Amino acid sequence: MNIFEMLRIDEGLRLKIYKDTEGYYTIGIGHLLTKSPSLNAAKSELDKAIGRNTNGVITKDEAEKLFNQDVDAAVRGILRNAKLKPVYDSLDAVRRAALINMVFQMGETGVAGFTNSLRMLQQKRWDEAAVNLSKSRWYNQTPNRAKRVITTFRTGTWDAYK
Ligand SMILES: [Cl-]
Ligand SMILES: [Cl-]
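Position 122, counted from 1, in the sequence shown is what PDB author numbering calls 122; the numbers after and before it change by one each time, with no gaps.
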């Protein structure tokens, strides 16, 4: 299992514009298009992202391409972030994937806001960190996915994904 297969399971794949759990326009493997209510503003961002007139529909290759860009951007955002970088450097390979998953879903800013949990992770206080991570809007809104990520942080194995 790796970051790509993990996110593919959490996000799914859809070749037509759809609305995410928050009601925002999305396409492919969790690629957010816009927070704007306009389906036309979405089609426009999509065409811009792909470099062609898509009329709201993309192929599997196009989806994978966006996905490779998004995972790359998530890692690079973590490495450039003064709050995230030290956390990431301290973790083993599996737990690193867990942190990447949160950043992809919520953005660097949002994750950097989990101050207390980040501190606990750095200190390798696994159980404590899992409890603090659960007291969040994130856990209450997307409980099955949050449990999977949290278990990954608690155990350091891919069990939740098998
Ligand atoms: Cl883009
Ligand atoms: Cl969920």
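For each residue, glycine too, the CB sits at the ideal point set by N, CA and C.
Around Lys124, the same chain offers no residue with a beta carbon nearer than 6 Å, after the five sequence neighbours per side are excluded. In this structure, the beta-carbon distance from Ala129 to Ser117 falls below 8 Å.
By alpha-carbon distance to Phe67, the top candidate from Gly51, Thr54, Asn40 and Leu32 is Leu32.
No Cβ-Cβ contact shorter than 8 Å links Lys16 with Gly51. Contact between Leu7 and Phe114 is ruled out by a C-beta separation of about 19 Å, above the 8 Å threshold. Nearest C-alpha to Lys83 among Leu91, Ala112, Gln69 and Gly156: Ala112.
These are the residues, in chain order, with a beta carbon less than 7 Å from any non-hydrogen atom of ligand 1: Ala49, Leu66 and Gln69. Around the Cβ of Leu13, a 10 Å sphere holds fewer than 16 other Cβ atoms; the residue is exposed. Of the candidates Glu108, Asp127, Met102 and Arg145, the residue whose Cα lies closest to the Cα of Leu79 is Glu108. Using a cutoff of 7 Å, the CB of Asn144 counts as near ligand 2, since one of the ligand's heavy atoms is closer than that. Under DSSP, the beta-bridge partners assigned to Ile27 are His31.
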